Amino acid sequence: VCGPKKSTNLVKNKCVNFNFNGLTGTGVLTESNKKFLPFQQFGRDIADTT
Amino acid sequence: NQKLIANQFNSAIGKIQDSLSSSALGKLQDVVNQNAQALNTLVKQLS
């Protein structure tokens with residue numbers, strides 16, 4: 001039981017600070033060609049970086 | 001024996017290709033593998 005959690009709108013193709021549902025970072029957001037399975041939330045690579 | 005010597009050289013050069021199209025460059029592949037393994041270990045230490 002807690003309060004509501006506000007949201008701004010997402011901006012692409014420029015350097016931002018982001019916060020997707022408790023996963024923070026900094027970088028450039030761009031549309032992708034990867035296809036997740038419908039329960040997966042985020043992806044990593046070999047060195048375990050998001 | 002000039003013609004015999006030239007023929008022996010030509011066939012010995014021709015066997016180097018067929019040996020390389022089969023590997024034998026392990027001493028150069030080791031250096032690449034070791035440097036990639038070291039960078040990967042450095043990056044995984046951040047977790």
Side-chain angles (χ1 to χ4, degrees):
Chain A
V1 172
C2 186
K5 294 188 287 289
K6 292 174 70 69
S7 296
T8 69
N9 47 5
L10 62 92
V11 51
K12 299 182 183 71
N13 296 104
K14 53 188 289 295
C15 190
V16 300
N17 299 112
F18 55 86
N19 190 355
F20 291 97
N21 204 357
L23 188 142
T24 58
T26 299
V28 173
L29 301 171
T30 307
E31 294 178 357
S32 182
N33 297 119
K34 292 179 177 180
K35 272 79 66 176
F36 290 0
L37 293 184
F39 62 94
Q40 284 165 345
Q41 296 296 106
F42 58 95
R44 296 190 192 275
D45 61 352
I46 294 97
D48 290 330
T49 67
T50 300
Chain B
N1 290 308
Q2 183 173 350
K3 288 187 175 69
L4 176 63
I5 295 167
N7 288 327
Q8 290 182 357
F9 177 79
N10 292 323
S11 69
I13 290 295
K15 285 183 284 185
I16 297 299
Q17 293 185 357
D18 297 334
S19 174
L20 289 176
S21 294
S22 67
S23 296
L25 296 169
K27 285 174 66 66
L28 297 180
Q29 193 68 44
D30 288 339
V31 174
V32 175
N33 291 331
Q34 285 177 352
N35 293 329
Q37 184 65 253
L39 274 176
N40 196 13
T41 297
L42 182 68
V43 179
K44 284 167 92 287
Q45 283 284 100
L46 292 175
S47 297

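Atom set for the values below is all heavy atoms of this structure, side chains included, hydrogens, waters and symmetry mates excluded. Chain identifiers are assigned alphabetically (A, B, ...) following the order of the sequence lines, protein sequences preceding nucleic acid strands; residue numbering begins at 1 within each chain.
- Within the 4.5 Å cutoff, no side-chain heavy atoms of A:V11 are placed close to those of A:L29.
- From A:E31, atom CD reaches atom CG of A:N13 across 8.0 Å, with rounding to the nearest 0.5 Å.
- Other residues, nucleotides and ligands contribute only 12 or fewer heavy atoms inside 6.0 Å of the CZ atom of B:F9.
- Within the 3.5 Å criterion, the main-chain N or O of B:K15 finds no donor-acceptor partner in the side chain of B:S19.
- Although no hydrogens or angles enter the test, the distance criterion places a donor-acceptor pair under 3.5 Å between the side chain of A:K35 and the main chain of A:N33.
- Within 6.0 Å of the CD atom in A:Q40, the count of heavy atoms belonging to other residues, nucleotides or ligands exceeds 12.
- Atom CD of residue A:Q41 and atom CZ of residue A:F20 lie 11.5 Å apart, to the nearest 0.5 angstrom.
- The two atoms that bring A:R44 and A:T50 nearest to each other are NH1-OG1, 3.0 Å, heavy atoms only.
- Put simply, the side chain of A:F42 reaches to within 4.5 Å of the side chain of A:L23, judged on heavy atoms.
- With B:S11 contributing its side chain and B:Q8 its backbone, the two residues share a donor-acceptor pair below 3.5 Å.
- B:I5 has its side chain out of reach of B:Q2: every pair of non-hydrogen atoms, C-beta onward, lies at least 4.5 Å apart.
- The neighbour count for B:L4 CG, taken as heavy atoms of other residues, nucleotides or ligands under 6.0 Å away, is above 12.
- At least one side-chain heavy atom of B:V31 sits under 4.5 Å from a side-chain heavy atom of B:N35.
- The number of heavy atoms from other shown groups lying within 6.0 Å of CG (B:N10) is above 12.
- The backbone N or O of B:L25 sits nowhere less than 3.5 Å from a side-chain atom of B:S23 that would complete a donor-acceptor pair.
- Panel note: side chain B:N40, backbone B:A36; no donor-acceptor pair is recorded below 3.5 Å.
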Is there a side chain to side chain contact (heavy atoms under 4.5 Å, CB included) between A:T26 and A:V16 once you walk through the steps? CA-CA 6 Å; A:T26 299; A:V16 300; over 6 Å; no
